[PDB]
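Residue numbers (PDB author numbering), protein chains in the order written: chain C, 402 to 552; chain H, 953 to 1002. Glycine included, each C-beta is placed from N, C-alpha and C at the ideal position. Here's the structure, in structure tokens; my notes come after.
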Amino acid sequence: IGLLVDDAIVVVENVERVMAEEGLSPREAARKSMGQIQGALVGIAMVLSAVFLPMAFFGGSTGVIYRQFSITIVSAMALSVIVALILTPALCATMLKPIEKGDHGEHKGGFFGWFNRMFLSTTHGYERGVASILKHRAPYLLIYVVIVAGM
Amino acid sequence: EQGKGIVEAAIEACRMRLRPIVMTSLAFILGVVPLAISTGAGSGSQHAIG
């Protein structure tokens, strides 16, 4: 259910992202956004099914344990990419036609419009953070080797 | 492949994609903390994965 609700939330953010950054039409928003997401979403299927397929190939008493685990995962993730490519591009374009006026999280209803501004401050700090990673680039790669000594 | 290079592209990529990562992170954490906190029938096997 965790990986099954992952892809149910990674696909609505991509179609609201073009509504937020461009104000594009909410019908053609799916064709505009998921024209470059349909390849990635069908490509994550053959890696998320390949991290589970060979473990269901074992024999003996552990084979009956390892099968009906991996089968119950691949049956969930094999059709979720299909319903993510079929259903929700139509449903974001039919039962969701939002046109926001005026506010951008300032008023928001009440005073809870500070949380998205805090999120903006964290990503504004995060781009400076990855710039400070790309400052010298040697210690942040040499700490990776002392990480994998843990492995 | 459109207008940017190498170092500048990966910064704007994570600036675009920081919101879905923290979207799935809190959801996946809070969905699996019940079987990591709960006690009872089969909880000793739930705690081996949660």
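C-alpha gap between residue i and residue j, whole angstroms
i: residue 411/C; j: residue 460/C; result: 36 Å
i: residue 485/C; j: residue 430/C; result: 15 Å
i: residue 520/C; j: residue 966/H; result: 14 Å
i: residue 447/C; j: residue 475/C; result: 10 Å
i: residue 480/C; j: residue 450/C; result: 11 Å
i: residue 511/C; j: residue 497/C; result: 24 Å
i: residue 524/C; j: residue 970/H; result: 7 Å
i: residue 472/C; j: residue 457/C; result: 8 Å
i: residue 452/C; j: residue 974/H; result: 23 Å
i: residue 547/C; j: residue 534/C; result: 17 Å
i: residue 901/H; j: residue 959/H; result: For chain H, the structure presents residues 953 to 1002; residue 901/H sits outside this window and is missing.
i: residue 994/H; j: residue 987/H; result: 10 Å
i: residue 1057/H; j: residue 463/C; result: This structure cannot settle anything about residue 1057/H, because the visible part of chain H is limited to 953 through 1002.
i: residue 536/C; j: residue 530/C; result: 10 Å
i: residue 517/C; j: residue 527/C; result: 15 Å
i: residue 542/C; j: residue 981/H; result: 28 Å
Top-ranked residue by Cα proximity to residue i, from the options
i: residue 494/C; options: 547/C, 408/C, 434/C, 404/C; result: 434/C
i: residue 445/C; options: 528/C, 404/C, 432/C; result: 404/C
i: residue 502/C; options: 420/C, 402/C, 413/C, 409/C; result: 420/C
i: residue 413/C; options: 479/C, 454/C, 440/C, 491/C; result: 491/C
i: residue 442/C; options: 408/C, 462/C, 473/C; result: 408/C
i: residue 483/C; options: 438/C, 517/C, 496/C; result: 438/C
i: residue 426/C; options: 415/C, 499/C, 487/C, 466/C; result: 499/C
i: residue 406/C; options: 964/H, 991/H, 972/H; result: 972/H
i: residue 424/C; options: 465/C, 469/C, 436/C, 505/C; result: 505/C
Coil, strand or helix - residue i by DSSP
i: residue 452/C; result: coil
i: residue 523/C; result: helix
i: residue 539/C; result: coil
i: residue 956/H; result: coil
i: residue 463/C; result: helix
i: residue 552/C; result: coil
i: residue 518/C; result: helix
i: residue 468/C; result: coil
i: residue 972/H; result: helix
N-terminal and C-terminal residue of the alpha helix (DSSP H) that residue i is part of
i: residue 998/H; result: 995-998
i: residue 490/C; result: 471-495
i: residue 419/C; result: 413-422
i: residue 425/C; result: That residue, residue 425/C, is in no alpha helix (DSSP H); it is neither H nor E in DSSP.
i: residue 441/C; result: 439-444
i: residue 407/C; result: 403-407
i: residue 986/H; result: 986-989
heavy atom of the ligand MG below 7 Å from residue i C-beta
i: residue 976/H; result: Summarising the ligand content, the structure contains no ligands, and the ligand MG is consequently not present.
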